[PDB]
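Residue numbers (the entry's author numbering): 0 to 41, 67 to 126.
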């Protein structure tokens with residue numbers, strides 16, 4: 000009860016990776032603290073950055089379901105060998121930055 004049904008997708012490195020999109024509320028909330036507790040300082069919180077990527081990497085799909093637990097987020101990352109930050113930068117531009125464009 001945190002992700003949608005609409006699927007975004009992209010190509011990083013070699014593999015095509017697709018992930019569920021976040022809810023509207025669950026996007027506004029993250030976008031609110033990220034702008035306030037990370038952005039406008041330019067001190068920064070640490071559990072914030074840690075909380076987001078644990079949700080964004082949580083969206084990623086496997087068996088028609090989602091990689092919720094870190095037990096399967098890191099397992100996936102070891103197999104598919106995708107660079108975390110690009111998969112992080114993307115999921116931000118698609119779930120959060122979109123709110124600022126509209």
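Ideal Cβ placement from N, Cα and C applies to all residues, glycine included.
Please state whether DSSP places residue 120 in a helix, a strand or coil.
-> coil
List the residues that DSSP assigns as beta-bridge partners of residue 10.
-> 15
Status (buried if at least 16 other CB within 10 Å, exposed otherwise) for residue 122 | exposed
Candidates 11, 15, 114, of which the one nearest residue 86 by Cα = 15
Should residue 7 and residue 106 be called a contact, given that it needs their Cβ atoms to be closer than 8 angstroms?
-> no
By the 10 Å Cβ neighbour count, where 16 or more other Cβ atoms means buried, how is residue 19 classified, buried or exposed?
-> buried
With DSSP collapsed to three states, give me the class of residue 21.
-> strand
Would you kindly work out how many angstroms separate the C-alpha atoms of residue 119 and residue 26, rounded to a whole number?
-> 6 angstroms
Tell me whether the beta-carbon of residue 29 lies closer than 8 angstroms to the beta-carbon of residue 76.
-> yes
Determine the direct distance from the alpha carbon of residue 67 to that of residue 115, and round the result to whole angstroms.
-> Their backbone Cα atoms lie some 25 angstroms apart in a straight line.
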